[PDB]
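Below is one structure; the comments refer to it alone.
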Ligand code: HEM
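In our numbering, the protein residues as written are 414 to 565.
Here you go:
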């Protein structure tokens, strides 16, 4: 649950992402894959990537980064009223991709890391607080659907 002022911070930060969605999406996935190499094994189309240089050179990884952040941005713009947008993603990630909630924690922290890396000194403590709360809400509502499905 976020206040109006917190949502305003989230959507202000998101403007930074929308200026370069592919570059942000690429770096988020690279941070996930290099920090948590077990996550790469869930992607049949990226498991061939052995080095970060190959990851950086992969145009399909940048494409998928655009898909991921476009979906997340659509959810964030609903300011919590995201049941219709979130349900299909919860279902596909639990039942088809088999993504444990832990990996959603990993990618949430990766987003925070990338924002500081690309905007050092321009991602203030209030903005980090609000973005963190928004990603916690996203993860918590996914977790509720995971529990319904019995997925661990
Ligand atoms: C912010 C969190 C995430 C968002 C918004 C997101 C979004 C998406 C979307 C929109 C798709 C394509 C449609 C679909 O299959 O539902 C997708 C596919 C997929 N996601 Fe995610 N995802 C997220 C996190 C993760 C994480 C953490 C993992 C694994 C560590 C993951 C694994 C996958 C896989 C394996 C696919 C299929 C890729 C393919 O072969 O095309 N997702 N995701």
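We put the CB at the ideal spot given by N, CA and C, even for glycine.
Delimiting residues of the alpha helix (DSSP H) encompassing residue 473: On the chain shown, position 60 is the one that residue 473 refers to. Counting along the chain, the alpha helix (DSSP H) containing residue 473 begins and ends at 472-489.
May I ask whether a heavy atom of the ligand ATP can be found less than 7 Å away from the beta carbon of residue 457? As for the ligand ATP, it is missing from this structure, which binds only the ligand HEM.
Pick helix, strand or coil for residue 460, following the three-state DSSP scheme. On the chain shown, position 47 is the one that residue 460 refers to. In the structure shown, residue 460 sits in coil (DSSP, three-state: anything other than H, G, I, E or B).
What residue does the alpha helix (DSSP H) around residue 519 start on, and which one ends it? Residue 519 sits at position 106 when you count from the first residue of the chain shown. Residues 514-531.
Simplified DSSP assignment, three categories, for residue 449: Start at 1 with the first residue of the chain shown, and residue 449 comes out as number 36. DSSP places residue 449 in the coil class of the three-state scheme, outside both helix and strand.
Can you look up residue 433 in the DSSP assignment and give me helix, strand or coil? By 1-based counting over the chain shown, the position of residue 433 is 20. Three-state result, residue 433: coil.
Within 8 Å, do at least three Cβ pairs link the region 554-564 to the region 463-475? With the cut-off at 8 Å, the region 463-475 and the region 554-564 do not touch.
From the DSSP output, in three-state form, read off residue 492 for me. Mapped onto the chain shown, residue 492 falls at position 79. Coil at residue 492, not helix or strand.
How many angstroms separate the CA atom of residue 483 from the CA atom of residue 496? For the purposes of this step, residue 483 is taken as the residue at position 70 of the chain shown. For the purposes of this step, residue 496 is taken as the residue at position 83 of the chain shown. In a straight line, the C-alpha of residue 483 is about 17 Å away from that of residue 496.
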